A.B. asks: 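Quick one: the structure is below, and I'll ask about it shortly.
Excluded from the calculations below are hydrogen atoms, water molecules and symmetry mates; all remaining heavy atoms, backbone and side chain alike, are included. Numbered from 1 within each chain, the chains take letters A, B, ... in sequence-line order.
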Number of protein chains: 2
Amino acid sequence: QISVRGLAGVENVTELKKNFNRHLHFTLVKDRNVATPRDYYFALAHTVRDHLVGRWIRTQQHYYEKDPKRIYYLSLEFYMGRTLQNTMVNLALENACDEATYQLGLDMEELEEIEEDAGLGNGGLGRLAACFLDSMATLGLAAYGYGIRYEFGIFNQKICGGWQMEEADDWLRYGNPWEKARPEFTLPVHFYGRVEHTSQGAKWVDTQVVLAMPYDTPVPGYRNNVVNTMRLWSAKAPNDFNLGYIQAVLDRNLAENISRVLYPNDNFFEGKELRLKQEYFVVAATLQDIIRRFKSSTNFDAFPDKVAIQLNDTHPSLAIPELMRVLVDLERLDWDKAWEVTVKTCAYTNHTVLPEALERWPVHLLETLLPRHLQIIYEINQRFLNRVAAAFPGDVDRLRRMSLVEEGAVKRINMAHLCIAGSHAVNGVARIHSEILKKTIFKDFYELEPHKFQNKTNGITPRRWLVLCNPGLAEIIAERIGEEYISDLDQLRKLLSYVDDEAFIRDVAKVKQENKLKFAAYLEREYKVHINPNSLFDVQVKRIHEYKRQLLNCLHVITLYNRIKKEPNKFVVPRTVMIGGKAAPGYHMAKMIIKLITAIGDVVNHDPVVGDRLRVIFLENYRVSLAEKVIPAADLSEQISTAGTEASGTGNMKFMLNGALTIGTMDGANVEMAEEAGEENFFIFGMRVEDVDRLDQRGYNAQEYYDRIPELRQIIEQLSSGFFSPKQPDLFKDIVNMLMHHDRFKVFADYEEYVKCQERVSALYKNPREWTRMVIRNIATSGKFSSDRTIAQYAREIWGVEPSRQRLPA
Amino acid sequence: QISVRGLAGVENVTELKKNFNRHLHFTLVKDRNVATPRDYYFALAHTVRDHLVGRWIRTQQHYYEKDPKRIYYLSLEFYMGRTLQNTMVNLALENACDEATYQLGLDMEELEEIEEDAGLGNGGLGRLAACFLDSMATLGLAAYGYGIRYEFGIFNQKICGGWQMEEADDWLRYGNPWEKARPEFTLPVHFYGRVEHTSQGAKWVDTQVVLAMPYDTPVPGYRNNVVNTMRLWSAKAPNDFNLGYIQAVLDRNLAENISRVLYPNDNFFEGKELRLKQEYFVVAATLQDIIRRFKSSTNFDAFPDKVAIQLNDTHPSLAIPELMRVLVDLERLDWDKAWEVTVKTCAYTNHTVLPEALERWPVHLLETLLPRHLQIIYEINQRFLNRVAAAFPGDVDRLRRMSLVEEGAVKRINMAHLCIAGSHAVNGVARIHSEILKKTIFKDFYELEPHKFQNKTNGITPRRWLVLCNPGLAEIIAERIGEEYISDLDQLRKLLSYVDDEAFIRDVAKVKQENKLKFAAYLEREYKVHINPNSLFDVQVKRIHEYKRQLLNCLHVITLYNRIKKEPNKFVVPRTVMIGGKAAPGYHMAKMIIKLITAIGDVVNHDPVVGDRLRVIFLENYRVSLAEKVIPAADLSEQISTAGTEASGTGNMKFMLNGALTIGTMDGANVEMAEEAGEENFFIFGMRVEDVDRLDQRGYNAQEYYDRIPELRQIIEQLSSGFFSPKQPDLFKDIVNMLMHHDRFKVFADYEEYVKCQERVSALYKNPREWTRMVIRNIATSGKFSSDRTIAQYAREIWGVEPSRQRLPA
Ligand SMILES: O=[N+]([O-])c1ccccc1/C=N/NC(=S)N[C@@H]1O[C@H](CO)[C@@H](O)[C@H](O)[C@H]1O
Ligand SMILES: O=[N+]([O-])c1ccccc1/C=N/NC(=S)N[C@@H]1O[C@H](CO)[C@@H](O)[C@H](O)[C@H]1O
Ligand SMILES: O=[N+]([O-])c1ccccc1/C=N/NC(=S)N[C@@H]1O[C@H](CO)[C@@H](O)[C@H](O)[C@H]1O
Ligand SMILES: O=[N+]([O-])c1ccccc1/C=N/NC(=S)N[C@@H]1O[C@H](CO)[C@@H](O)[C@H](O)[C@H]1O
């Protein structure tokens, strides 16, 4: 049908069709008379999957022969989404399969909707891992993703009476065609026990053993015949576990609970034993696998030449003392050499500055669970602090600030300090974030070892986030500049010479309108909601957090409503305001924010004076597959975190690539996005990081804003009095009181400038041609935000490997 | 290589080889350089499996069109063993696969050894279900096996210091190529709750729901292109289960524990809640599936014309009140019509007379777990007892003896009484067992409804139990009489005209010697034990029980040892005495018996005066796959239960088919075996049922035998004094005291006649030619004991269906 989706040759279509029928019969054990759409999806998935295997075997064969330096990307989260379409795209099979299935009397799009999301992450950090794997494969790096195969991923979100309800994400119920179980490569992981000191060093004894069983998932690069591996570990009890009889067998679940469920906290630390077990489990099994692969190439001097370990936040920080444990206790290297090897092998990426998000493990937990690791940590700390003492003599406060061991009520280990001490590189995830790390929370470390500190601005994959979710846009782009930009997103700059091209302007705007129409119909079919596709699509989608300021959006929404009720017969640009996202189950305020959004919708959406001029929709169960639908449909991207709080953001980049304009603060990657596009082409408002600082020093007083802004006062009074909750007038008292007395994120301080900036957005939307020209200038300068760029910088500046765009033989 | 294993045509071998390579590449994701024997086994299993699918789909299609009466065989146990060889045999692929794999440079036999046993049963009752499924498919019946897919089957038995250790049977670890998950056909099962009475009848409300997910396994008939289904249910929690958050997800295991592990009791009742849950789970899910299939053909009058339900013991007895529940509460039939439908649908097979094996569920358990079922049971009981009162007026003691409700400390439900009241047929499993049912434990029921009571003597499948495990014997037989006997075992009678044939005699004896040599080498390879293949192979393999009298065998063994030590230079026929079997984990005496056997071995096997004249081996981890090895190798089958205790036995039949002679009591099927072969051709000894009765009335006094038999006295003194346990002299005091003061099974009473009969066995073995002629007379008269015969009698006399030997189109 469309060019970028590949060729539909006669030989290929015929072949796909017969393999489809073969799988339906032999694999699914069905005939055409009993088969359901789900069966058809599976026959298609197996047919496509077969095309991966040859490439998968030869990629891994190639790495064995050439022996390049291997990259190990360690994360507790891989937010993968669906795999079928992505595989077709990267293998250039999309048109061929579309034809084959059409000829079988099937609609491929309908079959695509059956696949469950692999929801093995919470949000930004998990999705970054998934974009990174895609780019690493596309760039020909010998890269392996390592994590945990959770039986239950992020919960499905139901909205009931305006409240979030959680239900188990049973994503494996029908089976996962994309994973290959590898029980033959099962490895032991040790817990508890005690340390014995002998003639020749320490020994960790009387441990409980949990088995780590790997499941491999293929990761295809873009049209280069490279297929890398994501290896996810699953917990299994040994066969003599607890071995009355019946209970012993039933108690096996105690060990297997390790890989059962993803912790659903975004940017928040919870110090639970099960979470710590998860962190060690992934690290211990992964490191044995790395060492095994290295030995099958005595001399650990070459280890850092053959191995890079990237730590995705502090969650796998135990890799540092675990590598020390293995090198010192088992391989019998001396401490100093082991340490040199570890530092040169490990690198650490920080994803947040929020204090409540930082991992600080109680010492009594590590003592019981990982006694040898605690001893190694103490020894790391002592040797590190001697270096500090020698560099900054007499600075006794620096000693306590930098210690890996924190003093107080309960002693804790600061995992971030551990990572910096044990890594040769530390990076933040956008220029402003990395600067903040050097100036504030890691200042002392930066002064000791300035050479460690780097920036690697985040990116997103243009395969999933343009070609896959927005074929129409990808196609009009390819018509003018070719197909090469898909793996070199910088070529989008060439679109600048089309900014005054009348045909292009029409095409860009036509693609948006079609995406909006398709999304508006999706909303009716699956959720029975009536929206106007001519309105401005104002969207904020991301996890529910106070720092992300969904509440600031709520205040704008109510202001628009109040202004309409004030002057009903005055003209306003119609808006559909969409807010979606999950709240962590224990996060009371986030759950209150969701309830507020639905309550506002309940009033706004049923007021006859408003008409179809303002709609407020809560997008239930926001996840990767929903993002692929709503992002192409958006006109306005809401990126409105308090300056200094959002480390980077990646949702922002997605919207930029797909033809939305951005309203946002100078936070995270927003700064670099506006710098690339030009500030005139961005809707920037609000305090900068410097303004926030000034306000903190003086003291933030919310009452001041309330007193001086009548429109704001009215909203607070509406909230307090029960305007949005007639039956429970006090429902939102917690929200009001937080806003008035304990707002860490200064929602009121940005309100006036936000409302003003929102008026300027509305003015620009009244002029379709100029709106679209600004869109073209955004799309055209979004190239920097490809994860291919990000990964090439990791490769060159951290891992010491050269990327390659060269094909492997087919 | 050999005739009965089918043709190895050029087209077929070529095809198998390429499908083997296709699976290795696409299915296993391996190449020949990294593949292990386990991978090769899997490629073979998938290749063979493909041949089932077409036949499987058309068999089930055929049943849909023809709509025959369906047979549902309900069991908590299906002891299947391995499936690969069985499938090759029934599909006539064995030689072709042997050739194909040979040409690939592989040994098929070695690949066969990799497959795990499906160990989903304890012993006789479970293996009977598996033989029955095979015969039902071979006879073209529309039959379905229904049970539970246990995650852990019967435990693996390790012997450590002479003691049994249990370890989890993790049979699914590498995956099961033979099952197809059918998540689309998942069904709800209800537990707990309470009964509400409304205008229109009772309603069972506030229940907890557990999901039943089916897994289908193909069951091929012998060379007739019939493939039936065994459907096993697996327990799954619903997605809103318990829905802090993390705990709720982890507590899902509480629901899923239902299908976790097989209860490992043979012929013994344990009244545990989890066991009851298992029994209801299988019944509730199965019955919904039956009713669904019946409706997809309003009028339940035709239900018994279209459905037979066979209850394998009382374990699925809850089918009776569950069918009543569904018909009365949900379909709104009146009681009397529902009851008529139930009786005509259900039939009950009894497998034991032992009182401790009978299920008697406490009322307080059913009250909490299944409140509606208890009410229905009470109502069944009341209406049943009114029939008894009307037939036997004034017989008040008959009323209390026959009640389904037992009075006393705790009120209990007698599940056996439930089954008889609610079934149109009740059968025992051998003629003497069925007679015992009518004369003793079910006398009152027999007097009320004589027409209900039947016999169906057990049988074994000649596919697994001759062709598969003993190809050499199957081949020399087929050379003389053709191949037709494999599905008509009565044709073996024709071998009687070969009893004086010198060529045959030589061939029969040659096959045994080769089986003994192969087994002797197996013992060295896997267990490092030195046995003499010229000795008589004296074997007792079965579950360890006091009623099976492994202890009587032990006494003989010690007697032989003492006689040798007494007269060392006297000649005795050399024996290898093999005893194997598992003890239930809670069964202290059974575990002591195992320890005794190994202790005897420790003394006997290392005494230089004995030499290779007597060896005592405990066969560790006895299971279906081990039975297939040891049975073909046996010379003497030990079938020595106290008369009246072994309902049938099936191991006995296996040995008879494979050329062992039988030493045994007139118990269970032994009576019919000796009747078929002639008593002159059987080594019968001991009390008959009548002699046991006489002894009970007088009072069994073990001291009397001890006083009058010096050889027996010596053994007891050796046991008491610590001869077989020098370091712990009192180790066996529990055994001695049981034998002397509380022996329910009268071991001493049969000792003298057993020893005497054992001398006569030894005399016959001294004359090879006459031993072998007696063997031929046994093999030749074993036809009655084919499960094809058994199933044809069930079909004609209970189910009301005609078997058929006709092929379906290929
Ligand atoms: O991971 N993959 O996407 C992929 C690509 C191509 C072929 C198989 C796979 C994954 N297979 N994963 C699994 S668990 N395969 C399993 O392999 C077993 C024997 O090892 C077979 O019994 C099963 O038929 C198959 O499901
Ligand atoms: O990964 N997590 O969601 C998680 C689980 C449990 C405890 C802390 C966390 C921390 N999450 N931190 C996250 S999502 N940080 C996010 O990372 C993205 C990728 O670089 C950035 O673009 C965002 O600015 C940042 O907030
Ligand atoms: O039951 N069988 O013996 C049998 C005969 C022929 C083909 C498949 C089977 C059993 N397959 N059992 C299972 S769980 N197959 C599964 O089917 C899934 C889709 O439904 C696929 O994702 C997997 O590749 C496959 O393992
Ligand atoms: O099936 N079980 O092993 C079980 C588990 C839990 C409680 C009672 C039992 C009862 N088992 N009863 C058994 S094995 N009876 C056996 O059935 C065979 C087949 O007809 C007969 O040949 C045997 O004579 C009989 O003992």
Side-chain angles (χ1 to χ4, degrees), chain B residues 1-9 11-13 15-16 44-45 47-63 80-100 108 112 130-143 145 178 217-230 459-492 628 657 783 786-792 795 802-810:
Chain B
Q1 195 209 4
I2 72 152
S3 131
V4 288
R5 289 189 161 194
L7 298 317
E11 226 100 296
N12 269 48
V13 172
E15 201 69 9
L16 295 168
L44 186 46
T47 303
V48 169
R49 174 176 107 170
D50 286 342
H51 295 265
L52 284 164
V53 318
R55 294 155 161 105
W56 203 8
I57 295 166
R58 39 209 305 171
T59 305
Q60 302 303 314
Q61 185 71 248
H62 184 73
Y63 296 157
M80 298 299 277
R82 297 161 173 165
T83 300
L84 179 58
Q85 202 184 347
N86 188 245
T87 312
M88 289 189 302
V89 171
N90 284 28
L91 258 31
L93 288 175
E94 210 175 359
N95 270 337
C97 295
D98 202 12
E99 189 56 48
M108 192 166 73
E112 283 161 357
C131 290
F132 276 10
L133 296 183
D134 180 88
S135 287
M136 289 182 295
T138 290
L139 296 185
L141 297 177
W178 310 109
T217 289
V219 183
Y222 182 73
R223 264 108 116 154
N224 62 178
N225 305 320
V226 167
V227 183
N228 286 339
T229 299
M230 174 183 67
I460 53 165
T461 175
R463 273 75 64 188
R464 186 171 297 269
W465 297 112
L466 178 56
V467 179
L468 194 147
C469 66
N470 204 350
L473 184 61
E475 185 58 8
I476 60 156
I477 291 165
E479 284 173 5
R480 327 270 171 162
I481 69 166
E483 283 193 1
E484 233 273 76
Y485 72 91
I486 297 164
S487 57
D488 193 1
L489 203 65
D490 282 317
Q491 295 202 25
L492 292 183
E628 293 170 11
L657 197 49
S786 168
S787 47
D788 302 340
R789 186 274 308 157
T790 308
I791 292 297
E802 279 303 316
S804 155
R805 265 274 68 194
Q806 289 184 146
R807 258 92 279 207
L808 280 176

A.B. asks: Can you find a side-chain donor-acceptor pair between B:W56 and B:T229 that sits under 3.5 Å?
C.D. replies: yes
A.B. asks: Please identify each residue that fulfils side chain to side chain donor-acceptor pair (under 3.5 Å) with B:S487, with sequence neighbours left out.
C.D. replies: B:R805
A.B. asks: CZ/B:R5 to CE/B:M88 distance, rounded to the nearest 0.5 angstrom?
C.D. replies: 7.5 Å
A.B. asks: Just by distance, do the side chain of B:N228 and the backbone of B:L141 share a donor-acceptor pair under 3.5 Å?
C.D. replies: yes
A.B. asks: Which pair of non-hydrogen atoms, one from B:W465 and one from B:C131, has the smallest distance, and what is that distance?
C.D. replies: NE1-SG, 3.5 Å
A.B. asks: Would you check, one step at a time, whether the test side-chain hydrogen bond (donor to acceptor under 3.5 Å, both in side chains) holds for B:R55 with B:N225?
C.D. replies: CA-CA 6 Å; B:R55 294 155 161 105; B:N225 305 320; 3.2 Å; yes
A.B. asks: Report yes if the side chains of B:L52 and B:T87 come closer than 4.5 Å at any heavy-atom pair, otherwise no.
C.D. replies: yes
A.B. asks: Taking all atoms of both residues into account, what is the closest heavy-atom pair of B:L44 and B:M108, and its distance?
C.D. replies: CD2-CG, 3.9 Å
A.B. asks: Would you find a donor on one side and an acceptor on the other, under 3.5 Å apart, between the side chain of B:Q85 and the backbone of B:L468?
C.D. replies: yes
A.B. asks: Testing the basics here: between B:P462 and B:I486, what is the closest heavy-atom pair and its distance to 0.1 Å?
C.D. replies: CG-O, 3.5 Å
A.B. asks: Does the pair B:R463/B:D788 count as a salt bridge with the N-to-O cut at 4.0 Å?
C.D. replies: yes
A.B. asks: Does B:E475 use its side chain to pair, donor to acceptor, with the backbone of B:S3 at less than 3.5 Å?
C.D. replies: yes
A.B. asks: From B:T47 OG1 over to B:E15 CD, what is the distance, rounded to the nearest 0.5 angstrom?
C.D. replies: 10.5 Å
A.B. asks: For atom CD of B:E479, decide whether the heavy atoms of other residues, nucleotides or ligands shown that lie under 6.0 angstrom number more than 12.
C.D. replies: yes
A.B. asks: Can you sort out the partners of B:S804 under side chain to side chain contact (heavy atoms under 4.5 Å, CB included), two or more places apart, ordered by chain and number?
C.D. replies: B:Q806
A.B. asks: Would you mind reporting whether B:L473 and B:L466 have side-chain heavy atoms less than 4.5 Å apart?
C.D. replies: yes
A.B. asks: Are the side chains of B:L489 and B:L657 in contact, using a 4.5 Å heavy-atom criterion?
C.D. replies: yes
A.B. asks: Report yes if some heavy atom in the side chain of B:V48 is under 4.5 Å from a heavy atom in the side chain of B:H51; otherwise report no.
C.D. replies: no
A.B. asks: Which atom pair, heavy atoms only, marks the closest approach of B:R58 to B:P809?
C.D. replies: NE-O, 4.0 Å
A.B. asks: Identify, with sequence neighbours excluded, every residue that meets salt bridge (charged side-chain N to carboxylate O under 4.0 Å, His left out) alongside B:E99.
C.D. replies: none
A.B. asks: Is there side-chain contact between B:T138 and B:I791, with at least one heavy-atom pair below 4.5 Å?
C.D. replies: no
A.B. asks: Below 4.0 angstrom, N of the basic side chain to O of the carboxylate: do B:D134 and B:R464 qualify?
C.D. replies: no
